[PDB]
Structures are given as structure tokens and as C-alpha cells.
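Here is what each chain is made of, one letter per residue.
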Amino acid sequence: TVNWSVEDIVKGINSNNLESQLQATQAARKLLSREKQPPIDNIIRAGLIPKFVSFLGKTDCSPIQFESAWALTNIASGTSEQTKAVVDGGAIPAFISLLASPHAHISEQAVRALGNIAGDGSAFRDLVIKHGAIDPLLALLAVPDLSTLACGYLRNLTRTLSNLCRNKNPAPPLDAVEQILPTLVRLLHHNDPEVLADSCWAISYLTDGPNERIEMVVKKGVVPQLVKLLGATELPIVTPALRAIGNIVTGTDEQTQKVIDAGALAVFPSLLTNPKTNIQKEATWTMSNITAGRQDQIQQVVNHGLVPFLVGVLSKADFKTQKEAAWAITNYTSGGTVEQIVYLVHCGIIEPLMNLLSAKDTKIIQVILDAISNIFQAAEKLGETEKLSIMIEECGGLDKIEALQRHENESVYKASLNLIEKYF
Ligand SMILES: [Cl-]
């Protein structure tokens with residue numbers, strides 16, 4: 001069945017010989033598994049999807065169920081229009097019936113096919129849910145110990161469940177999320193790196209929304225496990241774990257506190273120096289939504305030794321990361337006590353802050369300028385306003401601020417002039 005033409009496949013599928021149809025379907029499946037440019041569109045144009053879908057129901061002939069399920073899975077893993085062709089052929093209810101197949105390799109294909117369809121987008125996600133996929137999917141995981149399941153099979157179930165958690169506008173139905181979450185919590189404790197990665201992605205999707213979505217997740221007790229995975233060695237795990245934690249700290253101060261209470265801040269020395277740029281970037285963004293919290297939460301950042309790491313990120317990092325660092329400092333200086341803001345200067349924030357004021361980005365400049373203002377405000381409460389003026393002179397900051405009086409932006413000009421006057 002290697003190297004058939006689409007014309008030969010169609011000839012075999014149009015014979016009314018179940019074994020000839022089986023041969024041709026397998027030929028189609030191998031064509032569609034090809035690495036180089038599989039002829040998905042040619043198979044679709046030939047009108048083969050509805051025949052493949054009808055073969056999903058031939059319970060008398062499990063091999064042709066398998067080959068047609070795999071063929072359709074491959075098509076559904078392509079472009080959105082390709083995925084739509086599969087859905088338009090009636091594949092969704094047929095695949096959901098195949099979840100009850102006694103043949104593990106056949107129910108597995110149906111799991112994968114439904115994951116590919118649900119992962120296309122919110123509409124297909126919700127259509128898969130409306131056809132009732134969740135109950136039969138969760139039943140396949142209703143075992144006392146996940147470790148008795150075949151490794152590849154458990155990974156496909158995890159991947160498919162995370163795709164049912166994925167995408168927004170809208171987010172998934174609340175009742176669907178509640179139904180899935182307990183099984184997701186269990187997968188999040190399973191010791192396979194790929195199951196862990198995909199479960200973390202699932203949690204990152206569910207926490208990417210309003211505070212009530214976050215609370216659903218936080219109430220399940222998963223934050224300690226997320227923090228544990230935040231320290232994993234595998235970057236495919238750390239990345240979604242860090243995303244989930246970062247989402248959770250965009251919520252309320254009480255939700256942020258659960259992350260702190262679980263020990264998250266002790267991982268940030270590594271995260272804020274991580275060789276992977278996006279980890280450093282997302283770790284610094286997370287920090288900024290922690291320094292937007294309460295003064296006792298700022299104080300935890302201090303106690304964990306993280307101000308020097310923020311100074312470090314400001315001084316040298318990818319620019320996008322330095323931008324988040326700037327944000328973290330301004331949030332820190334808006335909400336911090338006077339003692340806390342003084343500590344920040346004593347750690348060296350001023351010189352790296354000044355040096356970023358020469359960046360060809362207008363947003364960061366207004367963020368840095370705001371932070372400088374909030375620091376002076378604290379300097380006033382101590383009268384050491386004079387001494388701060390000097391520091392900013394001694395490192396080239398006054399040169400930088402003077403020129404910003406004359407900037408394309410008006411909010412930039414307003415703030416810079418308002419400072420060169422009020423303090424110099
Ligand atoms: Cl674990």
C-alpha cells in the first residue's frame with residue numbers, strides 16, 4: 001500500500017469490496033502520513049472524507065475503522081479549512097462513538113482526532129463539547145493509577161483535554177471546565193514529562209481570563225504543584241508552569257498570595273537569570289504583577305533577595321525583558337513604603353534605570369520617568385531629595401532627562417519638564 005496515486009485510492013474505495021476499500025484506505029493513510037507535502041487537499045477534492053467517515057462505523061471491520069480514523073486524524077491536523085472538511089463530513093459524532101471501541105489503538109485515534117478538531121478554535125472546541133465528548137474521554141482515565149495506561153495513550157488523552165481547555169472569545173464553558181478540572185489535577189501529578197507539560201498548558205489556558213476563572217483553578221489546590229513544576233529541569237514543563245503562575249498573579253492580591261505562600265518566590269533567582277529569553281521575560285512580567293500587590297507582598301519580594309535580580313535584569317537582558325523590569329519597578333515604587341523604595345536605590349536601581357532612558361521606545365520612557373517621580377516622592381518624605389538629584393547627575397541621568405523635555409510624545413515632554421523643574 002506504499003506510493004499509491006489518489007486516482008488508485010479512489011478506484012479502490014469505490015469498489016464495493018470491503019477488503020479492496022481497506023487496502024485503499026490504508027494507502028490513503030500512508031500518503032497522508034508523508035513528511036514532505038502530504039496531498040491532503042487532493043484527497044479532499046477527490047471526495048474521500050465522507051467515505052472515510054462511513055468507514056468509522058464499520059464495527060464488523062475494525063481494521064478499516066483504524067485506517068480511516070488515522071487518515072481523518074492526519075487531515076484534521078492540517079489547516080483550519082482541512083479540519084473543517086473533516087467536521088463537515090460528520091466526523092465528530094463518529095469519532096465520539098469510537099471512544100468506546102474495545103481496541104485501544106482505535107479509541108486512541110479517535111482521541112487524537114477530537115483533539116485536533118477541538119484545538120482548531122473555540123467554535124469547534126465547543127461543538128465537540130456539545131456532541132458530548134467529555135464524558136467518554138474522562139471515562140478512559142477513570143482508573144485508580146494512571147501508570148497502568150499505555151504511555152502514548154495517556155499522552156494523547158492529556159493533549160486532547162488541554163485542547164478542550166484552550167482558546168478564548170469565548171473561553172470554554174464553565175460547566176465543561178468544572179467537569180474536566182479534577183482529572184486535570186490528577187494528570188498534573190503524573191510523572192511523565194509530556195503529560196506534565198500538556199497539563200500545565202491546560203492550566204495556563206484556564207487561568208488566562210477573569211479572576212473567577214483563576215479562582216476555579218486556585219480552589220483546586222494546584223498552586224503548590226505548579227510551583228514544584230516551576231523548578232523542573234525540562235523547559236517544556238517550566239514554560240507552561242511559569243505562564244500559569246504568571247496568569248494567576250494578574251488576579252486578586254489574595255490569589256497572588258497563594259502563589260507566594262506556595263514558595264514561588266524562591267524559584268525566581270533562577271527564572272530571572274534563565275538562559276531562555278522567554279523564561280526571563282515571563283518571569284519578570286510575573287514579578288511586575290507581584291510588585292503591583294500589597295506592601296506585605298512587596299516585602300516578600302525583598303525578603304527573598306529578588307530586588308538585586310530585578311536590578312540585574314534592568315542592567316542587562318533582552319530589551320523586552322528590560323521593559324517588563326521597568327514595569328516591575330514602577331509598580332514597586334507606586335505601592336511600596338518609603339523604607340522599601342529606599343532599599344531599591346541602595347541596591348543600585350538608579351544607574352540601570354537611567355541608561356534605559358535612551359531607548360527608542362516611548363512606552364518604557366514614560367514608565368521609567370514615572371518610577372523616578374515615585375522615588376523622589378519618597379525622597380521628599382525624608383528630605384534627601386537633594387542627595388537623589390546628585391546620583392542622577394553623577395551617572396548621566398540629567399543629560400538624558402533634559403533632552404526628553406523635547407520629545408515627540410507629549411506625555412513624555414510633560415513628565416520630563418515637570419521633573420527637571422521640580423527637582424533641579
Ligand atoms: Cl510530579
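The rules behind these values
- Residues numbered from 1 in each chain as written, not as in the entry; some residues may be left out.
- Heavy atoms only, no water.
- Residues with missing side-chain atoms left out of burial classes, pairs and counts.
- Helix = DSSP H or I, 4+ residues; strand = E, 2+ residues; numbered from the N terminus.
- Rg over C-alpha atoms; globule rule 2.2 N^0.38 Å.
- Contact = heavy atoms within 4.5 Å.
- Axes fitted to C-alpha atoms, helices over the stretch in contact; angles between N-to-C directions.
- Parallel < 35°, antiparallel > 145°, perpendicular 65-115°, else oblique.
- Left-handed = near helix turned anticlockwise from the far one by under 90°.
- Nonpolar A, V, L, I, M, F, W, Y, C, P; charged D, E, K, R; others polar.
- Core = buried A, V, L, I, M, F, W, Y, C linked by side-chain atoms within 4.5 Å.
- Buried < 20%, exposed > 50% of the residue type's maximum accessible area, 1.4 Å probe, protein only.
- Polar contact = N/O pair within 3.5 Å; in protein donor to acceptor, adjacent residues only side chain to side chain.
- Salt bridge = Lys/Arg side-chain N within 4 Å of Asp/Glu carboxyl O.
- Expected span 1.5 Å × (residues − 1).
- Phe/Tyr/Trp six-rings, centres within 6.5 Å; stacked < 30°, edge-to-face > 60°.
- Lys NZ or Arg CZ within 6 Å of the ring centre and 35° of its normal.

This deposited entry lists X-ray crystallography as its structure determination method and 2.187 Å as its resolution.

1. Notes on the overall build of the chain
Summing up its helical and strand segments, the chain has 28 helices and zero strands in all. Its C-alpha radius of gyration of 28 Å places the chain more than 25% over the 22 Å reference for a compact globule of 424 residues. Judged by the C-alpha coordinates and their principal axes, the chain covers about 95 × 45 × 30 Å. Expressed as a percentage of contacts within the chain between residues at least 6 apart in sequence, the contacts between residues at least 24 apart total 68%.

2. Comments concerning the packing of helix α15 (residues 223-230) against helix α16 (residues 235-248)
One way to put it is that α15 packs onto α16 with a least axis distance of 8 Å and a crossing angle of 135°. Taken together, the axes of α15 and α16 lie oblique to each other. Read as a crossing pair, α15 and α16 show a hand that is left-handed. Contact residues: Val 223, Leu 226, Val 227, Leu 229 and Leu 230 in α15; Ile 237, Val 238, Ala 241, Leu 242, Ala 244, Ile 245 and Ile 248 in α16. Residues belonging to the contact of α15 with α16 are distributed by class as follows: 12 nonpolar, no polar and no charged.

3. A closer look at the nonpolar core
With 142 residues, the main nonpolar core has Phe 52, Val 86, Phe 95, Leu 164, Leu 226, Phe 268 and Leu 271 as its most contacted residues. In terms of residue count, the dominant contributor to this core is helix α25 (residues 362-380) (11 residues). In contact with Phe 95, not counting residues within four places along its chain, are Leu 56, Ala 69, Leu 72, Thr 73, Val 86, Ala 110, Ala 113 and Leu 114.

4. Examining the environment of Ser 358
As for its position among the elements, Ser 358 is in the loop between α24 (350-355) and α25. A sequence separation of 147 residues divides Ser 358 from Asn 211, and the C-alpha atoms of the two residues are 37 Å apart. A distance of 3.2 Å separates a polar side-chain atom of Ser 358 from the backbone oxygen of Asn 355.

5. Describing the environment of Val 301
Structurally, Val 301 is set in helix α20 (residues 295-303). Looking at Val 301, the relative accessible area reads 0%, which means it is buried. Each C-alpha atom, one on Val 301 and one on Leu 265, is 7.1 Å from the other, the two residues being 36 residues apart in sequence. Excluding residues within four positions of it along the chain, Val 301 makes contact with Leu 265, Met 287, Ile 290, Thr 291, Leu 306 and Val 307.

6. Considerations on the pattern of salt bridges
Counted under the stated rule, the structure contains 10 salt bridges. Of the charged contacts, one joins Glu 67 and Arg 29 as a salt bridge, the two residues approaching to 2.7 Å between their closest N and O atoms. In this pair, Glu 67 is assigned in helix α5 (residues 62-76) and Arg 29 in helix α2 (residues 18-33), connecting sequence segments 38 residues apart. Judged by its relative accessible area of 5%, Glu 67 is buried.

7. Topic: α5
Relative to the 21 Å expected for 15 residues at 1.5 Å per residue, α5 spans 21 Å between its end C-alpha atoms, a close match to the ideal helical length. α5 sits mainly inside the fold: 13 of its 15 residues count as buried.

8. Observations concerning the packing of aromatic side chains
Throughout the structure, instances matching the rule amount to four aromatic pairs. On the numbers, 6.2 Å between centres and 85° between planes, the contact of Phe 376 with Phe 424 is edge-to-face. Taken as a pair, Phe 376 in helix α25 and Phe 424 in the segment after α28 (410-423) lie far apart in primary sequence, 48 residues in all. Here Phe 424 falls in the partly exposed class, since its relative accessible area comes to 40%. Clustering of aromatic rings is evident, with ring pairs tying together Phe 376, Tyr 423 and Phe 424. In this structure, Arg 29 is placed above the aromatic ring of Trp 70, and the distance from its NZ or CZ to the ring centre is 4.0 Å.

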